[PDB]
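before I ask anything, here's the sequence and the deposited coordinates:
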Amino acid sequence: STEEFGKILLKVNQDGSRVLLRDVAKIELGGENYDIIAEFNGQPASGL
Amino acid sequence: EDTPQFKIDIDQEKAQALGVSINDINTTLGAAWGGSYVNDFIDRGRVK
Amino acid sequence: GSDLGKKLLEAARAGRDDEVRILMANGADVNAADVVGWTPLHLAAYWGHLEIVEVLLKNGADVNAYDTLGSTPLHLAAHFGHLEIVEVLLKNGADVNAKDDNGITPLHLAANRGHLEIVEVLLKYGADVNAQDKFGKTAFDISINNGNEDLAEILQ
Ligand code: NA
């Protein structure tokens, strides 16, 4: 899940505060690529 | 059927705090308890 | 370990209510434990079999029985989101502040898996919100690290 990737510990600062991956990045379930977008009669679609 | 198994959680913060790499932790556990195929030697003309 | 003890462990796990009933009548050892120290109550708590948790406690099961790593049925029930079983265990005198060998409590486990209803019940029966595990972590420390907004607000 995004939540688990979010709480990945990148480093711990001198004062003891934690830098998590969600502190340096937005974490979402997104496409491997964003090249192909398909429509069927105008409405959203995928296909083979 | 499902059986009892021993879940161990590595504390990433404690490892980083003591300056212990996760590679060294995971190798030590894996090598010791699971075994590790390192490389080949030659026993009386046969690679093993 | 007896013949009926092993049968009860398997029945408690499988959720076979009618078989547990017959085994309770024949005096199957309720304090029977497998090699990892899990009682029928441990197993019933884990797999979420409410009827059998109730029947085992009626038949003098140890509500605070601990496995070889110091984990109780309340630990299991709290961790795996079984709200009804948590209430029953606490009503039959389960230690709400029970610590395993890692210093982890039912509150810690419930907080980790974001079981809000269970956290409220544990706090209602007087769960120590300031209780620290072996790493000095509270149920609150778990809520902010997990980024659980609702949970963090309750553990005020
Ligand atoms: Na690794």
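Structure received. Residues are numbered from 1 along each chain as shown, chains lettered A, B, ... in the order given.

now residue C:153: phi and psi?
The phi and psi values for residue C:153, taken as degrees, to the nearest 10, are phi -70, psi -30.

quick check: the gap between it and chain A.
17 Å (Cβ to the nearest Cβ, to the nearest Å). All C-beta spots, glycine's among them, are computed from the backbone N, C-alpha and C.

get me the contact residues on chain A for chain C.
Within chain A, the positions near chain C by Cβ under 8 Å from any Cβ of the partner chain are A:3, A:6, A:7, A:18, A:20, A:22.

what parts of chain C come near chain A?
Residues of chain C lying close to chain A by Cβ under 8 Å from any Cβ are C:145, C:146, C:147.

can I have the buried ones of these as a PyMOL selection?
The following PyMOL line selects those of the residues of chain C next to chain A that are buried, judged by 16 or more other Cβ atoms under 10 Å in any protein chain shown:
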select buried, chain C and resi 145+146
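
tell me which of the residues of chain C next to chain A is nearest to residue C:60?
residue C:146 (38.2 Å; Cβ to Cβ).

by proximity to chain B, which residue of chain C wins?
Nearest residue of chain C to chain B: residue C:36, at 4.6 Å (Cβ to the nearest Cβ).

quick revisit: just the ones in helices from the residues of chain A next to chain C, please.
The members of these that map onto helices under DSSP state H are A:3, A:6.

just give me the closest of the residues of chain A next to chain C to residue C:151.
residue A:3 (12.3 Å).

hang on, isn't the closest one packed against residue C:145?
No. The pair residue A:3 and residue C:145 fails to qualify as a contact (Cβ atoms under 8 Å) at a distance of 10.4 Å.

helix or strand for the residue of chain C closest to chain B, which one?
Residue C:36 belongs to no helix or strand when assigned by DSSP states H and E.

nice, that's everything, thank you.
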